[PDB]
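The data below hold one chain only, encoded as structure tokens and taken in the form deposited in one PDB entry.
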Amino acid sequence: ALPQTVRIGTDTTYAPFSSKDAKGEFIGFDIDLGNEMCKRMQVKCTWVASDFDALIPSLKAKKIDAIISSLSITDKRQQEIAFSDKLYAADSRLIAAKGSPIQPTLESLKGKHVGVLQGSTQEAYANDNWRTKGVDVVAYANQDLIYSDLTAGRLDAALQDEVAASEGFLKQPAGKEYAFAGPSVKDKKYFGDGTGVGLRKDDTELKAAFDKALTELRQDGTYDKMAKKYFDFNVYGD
């Protein structure tokens, strides 16, 4: 008894995984994976755009049935929702102006302005580690606003998923004068282990269907065909 229509929420501001083209069509690797899996599940899927922090609220309120929005599988989210198996990996990394002295350390960030997406794992991390000790951490409704404030010079740095920053901004015309600032920030407690489809705990049948379709499209080479459309590296990880 899978549903006839599955409503999938995504934030649409996190290129190359989820965004809108010029006609307003939903595009990105997450969109591709979600439609490929829907097809294999033999269900209809509708995509619903939402701010990222309203997604897990909307899932529990049954406004949507699934989240595919580079949602990191963390210990803390697992207490509220369920996840499919890993769709791809995601480390976090800071970006700042090319030739910035900035490092991801309190010492370097004290009194700087750091943007983070509200509701993300980066916001939780920065609020605990940097905001309490006086780094001016600013939370934003969506990641696009962060890039704009950054190029505007309202922010000194931003913390987000490394591949989103690299392909969605640094390799774009607007990110030409910016670069990664220090190495990836690793913290098991905050960033979880890769991303997956977020689902209500009680929707067991739906989790099994997504996991099965994911196994199948990975086994027949589709995952790699789809990922070579965006990445020249192993996006899945281990």
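One rule holds for the numbers: they count along the sequence shown, beginning at 1.
Absent from the display: the form deposited in another entry. The rest refers to it.
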Requested in this report: Output whether residue 187 and residue 88 share a rigid part, with the chain modelled as two rigid parts between this form and the one not shown.
Outcome: no
Report task. Answer with closer or farther for the CA-CA spacing of residue 186 and residue 218 in that other deposited form compared to the shown form; it moves by 3 Å or more. Result -> closer
Query - Direction of Cα pair change residue 181-residue 232 in that other deposited form, magnitude 3 angstroms or more - result: closer
